[PDB]
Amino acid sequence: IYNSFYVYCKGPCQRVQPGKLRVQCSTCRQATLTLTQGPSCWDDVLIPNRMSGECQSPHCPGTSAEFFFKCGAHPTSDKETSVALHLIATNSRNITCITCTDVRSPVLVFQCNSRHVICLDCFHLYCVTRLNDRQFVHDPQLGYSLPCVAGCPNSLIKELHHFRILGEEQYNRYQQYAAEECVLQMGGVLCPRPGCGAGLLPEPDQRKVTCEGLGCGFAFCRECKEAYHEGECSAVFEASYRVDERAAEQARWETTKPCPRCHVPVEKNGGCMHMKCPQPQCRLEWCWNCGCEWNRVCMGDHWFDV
């Protein structure tokens, strides 16, 4: 199976999963929108009304397509959709991770000039450590994010749902970043438990903080916001863009094809996998990747790839 789409399934998976691409008529919201041409890039499927087609519904004048993704690891209800993480891709070229140098798949590809790749395990740890060490980067109109681990310019992540990889608890803290930052500069602490989130003012010398008007019954550590513990916090936290240059050089992500049936040269349209044979005696519609004739599986798994 060739998966070009990856989503974050909030439930029941609570992880990054291969996604199924779907389209419907934006007017009647039925799966009857036949595309004049297929999507060739992420903008085609993420930007409203980018693409046009024909609705096959009886009395619907619909022209515009509406794309959405669903987790493919299990049955999903009609409106059980998931957010697409376009920075994540199959590691078909077997690029090594910029941090651990392991060959993993899928990987996250930063938008930096070098297009450094990083495995999801390492990206998870990267986000977790920056979150705990309060080292997220503030962008005025976007919020809080992180650039490439190599600190490359113009690599700041714009689709903030990528930080869902923090895990559900840590992601909740990430959503409180501005508020917690204000409480911290004040010499205070923010209760880590989602249902509470009370602002607390502990003793400046005390490291244990009790959520005690009305708080909750939770004693936690001031430095790692975890349930209070003896001695040192996690070694990854008290350990505070130093990247191995050779590992970073390795970790970089770097037109027609004959019709499978009649072998006439067919032109590819951008990253779209849908190929349409021009030969009037053939006119095969086929997948650039699979070499088979076009079908719903190729549509859902890899309508396009970039």
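When you see a residue number, it is the position in the sequence shown, counting from 1.
Count the deposited residues lacking coordinates between residue 240 and residue 241 and you get 4 to 9 of them. Gap between residue 212 and residue 213: 1 to 3 deposited residues without coordinates. Averaged over CA atoms, B-factors in the entry run higher in 51-59 than in the other of 51-59 and 260-268.
Looking at mean Cα B-factors across 85-93 and 138-146, the upper value is held by 138-146.
Which of 117, 73, 160, 186 has the largest Cα B-factor in the deposited entry comes down to 186. The top Cα temperature factor in the record, among 165, 128, 152, 107, falls on 152. When the modelled residues of the chain are ordered by their C-alpha B factor, residue 31 lands in the middle third.
Per-chain ranking of the deposited C-alpha B factor places residue 124 in the lowest third. Remark: residue 201 belongs to the highest third of its chain, ranked by C-alpha B-factor as recorded. Per the PDB record, residue ranking by Cα B-factor puts residue 229 in the highest third of the chain. For residue 103, the recorded CA temperature factor ranks within the middle third of the chain's modelled residues.
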